[PDB]
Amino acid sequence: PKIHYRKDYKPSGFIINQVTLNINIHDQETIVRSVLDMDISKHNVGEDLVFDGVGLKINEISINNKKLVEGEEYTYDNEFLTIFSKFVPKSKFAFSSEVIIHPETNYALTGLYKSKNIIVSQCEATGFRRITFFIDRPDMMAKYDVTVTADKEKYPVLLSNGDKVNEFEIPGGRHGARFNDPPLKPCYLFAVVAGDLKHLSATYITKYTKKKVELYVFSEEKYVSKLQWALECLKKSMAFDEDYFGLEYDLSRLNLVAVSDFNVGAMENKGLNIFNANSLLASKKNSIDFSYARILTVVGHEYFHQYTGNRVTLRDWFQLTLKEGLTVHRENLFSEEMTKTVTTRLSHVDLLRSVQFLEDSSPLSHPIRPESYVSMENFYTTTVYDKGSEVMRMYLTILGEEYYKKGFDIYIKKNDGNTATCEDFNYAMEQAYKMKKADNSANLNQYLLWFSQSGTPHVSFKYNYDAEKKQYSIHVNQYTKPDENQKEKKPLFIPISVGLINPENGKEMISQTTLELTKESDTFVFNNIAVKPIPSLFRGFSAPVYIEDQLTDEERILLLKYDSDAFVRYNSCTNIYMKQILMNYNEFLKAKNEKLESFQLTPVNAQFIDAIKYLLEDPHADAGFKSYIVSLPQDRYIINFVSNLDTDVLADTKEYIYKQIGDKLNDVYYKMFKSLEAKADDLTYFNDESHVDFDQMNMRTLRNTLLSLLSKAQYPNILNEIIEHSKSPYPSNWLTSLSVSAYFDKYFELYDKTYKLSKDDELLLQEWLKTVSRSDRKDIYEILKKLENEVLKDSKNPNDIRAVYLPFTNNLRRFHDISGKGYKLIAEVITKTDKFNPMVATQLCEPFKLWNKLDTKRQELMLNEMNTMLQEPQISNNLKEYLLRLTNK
């Protein structure tokens, strides 16, 4: 099993200057003819010519138009084509081949495949080798000349990278299109699409060069009415890159294409971005609210890759975070500016500290630039993406906007048209740092540890105030726990955005201040501090760390009410919740262990409940923020703070705390649920797909959150509200009516009603499936069986499989049933999926990531299912590799 090491990078002994492809699509097979115009590099030492080529059927291979013969001049083992060096030319030469591949039965959705009636490619990371022979690595840059042919009736729309330079008819009802793409590119950015596609289009005129860019968004005919918001988002993306970064699109045309079957969200193929339909298509009648921000982020994300990934590309795959962490960061800047809601940044942090923190304290922990890999298909992680983005964002926090923009432009101008590494980016940032600090002696060498060191730093605080001296001190410590990647962890460059709040009037006591913590510990002192402040720490979540604020709940409540920073207010609330959760958890655990007949629980802080009421009742406060404060921290955030977590005891703990708060605030909840209706459910723009109001959507989130709290509580006659909610035109509302009805006799009536509403739109039905999957039902296993038999069946669509099973795995009480029946069920699905799509099978492993954090019975149960999956004779490379790492084997 080949392990690739970052330190082993060496450039190829060969060069590929030109790729000329003929892709001929037929009913039962696809024939690919390829001529590679090649050369010998200065690094060549007379080695064999070895091409990647996976699952290819060879019809012929030639060098300089001379047929090569198997055995004597070459060998092929279904993974590598080896041409013996005595037969390899010493100067420029042409290599040609004709292979047969079979998109129809390509269910792994890598290489060239069929999604419904669309032929489509996915080449990142090493999928191009499933299409034709190549030296399949991103430093092998080449020009591409691509001809596609196909039955005209089935496949009237033909697309690839570059300009369409010819279209022609072919005898027998066929037709072709030729695309020439002169700029050099790595092969993972090659794409081809063929199908009966329908489109919306527009023309965009660039800000500075005033170039006309044609924008096309494509889908199957059935869903063409769902393309409009995507086009709006594309225009928005282009404008933001122009306005913030001064960057314009360089090509005459940009195509976005939705396909039903896709392993991830989307792919940034040059001039031909290809999307999971769930991340490109929406309409207000047929999509939940979440689709709108999803499409905005994903369209934005693929667009921003045109610079950070496409024009400036990767030397090697170990540099993945250089294009993904940076493009996620650009996408976050964009979406924050587009939505103008504080919950956009909060939602990113919420995801990082639950999902990515879990990963980073799991056996799978890695730095954002790993040292090795076996499977690229398993490399695309929340660590590389989301911790990557936080590391890219810290440069902005450290430099400020002006010098960050200067540094970023240095990176682009210096590396445009080339491969690059993480060091190139740090170097560019460092140049800006020298300018900002006004001495060329300043450096960011310590910053590189963010790329190489794994694990989440813990940052903790102590304070001192001298009332006579008017002198305030913040003592800060950082610590990262040793793990498998470093025995000794080094201190990082941690930027701490801080404010000081006057507790008497809630005002700022100092100007904007970013503490630069560069040692294991430091003391930051402030003079002329007139009164003892409450510190506002890591404003905007200014570093990806565990924050231990060492504040009292009284101080935290003051910040929650009066601080200026949304994240610190949100975090202060989170910290109050966590102190309560840990306390009640231990009390419940003790009662369980000692088999107590009676015991006490510590009630929720009443001033805290009063603070929530205060904020909820404030008509000038933000609805999205309001929905965060009435929600306990995510289970996957909580689990980072508890050893041997008994999921039952945690379920009882959450139940107690929600009941405590609802016993005081339910009337407030109910009043708000009713008063929010007019604005939240306003239909004025329901038939305008260009009008998206993120505040209004946050009001609906708040109503739907409140409705859930009231339904769980069995608030008097809340079922009436539920039934009326089911008649709302907004799918976020009527799907919510299904999940909250779980607590009532009406559940299966709403199940049928909402099914009938959902069944004729592919993506809406997947949303319905998710809603059922995550329904708080005691009969949820019986319900899942019904979904399998009646709706899911033997679908190989990753959207269908993920929709049915993943939401259920977050059911704390039932997925973690002490019998192990939920672990058994998800392992059976993983093994079944692994037969045809190893990448998605490993995605479906996600609930096992925390296995060694649970109580010892559940650790044993999970480990048993993982060992069972590992023992499957036909297990894929992906899944084997992943489970071996996860189980510390």
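Heads up: residue numbers just count along the shown sequence, starting at 1.
Stretches compared: 181-189, 566-574. Higher mean C-alpha B-factor in the entry: 181-189. Mean CA temperature factor is higher for 413-421 when stretches 413-421 and 361-369 are set side by side in the entry. When the C-alpha B-factors of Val476, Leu351, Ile723, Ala651 are ranked from the entry, the top spot goes to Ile723.
When the C-alpha B-factors of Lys659, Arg703, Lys210, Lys770 are read from the PDB record, the largest value belongs to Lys210. Sort the chain's modelled residues by C-alpha temperature factor and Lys753 lands in the highest third, per the entry. In this PDB entry, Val391 carries a Cα temperature factor that places it within the lowest third of its chain's modelled residues. Annotation for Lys835: C-alpha temperature factor in the middle third relative to the rest of the modelled chain, per the entry.
Among the modelled residues of its chain, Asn789 has a C-alpha B-factor that falls in the highest third according to the deposited record.
In the PDB entry, a CA B factor belonging to the highest third of its chain's modelled residues is recorded for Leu68.
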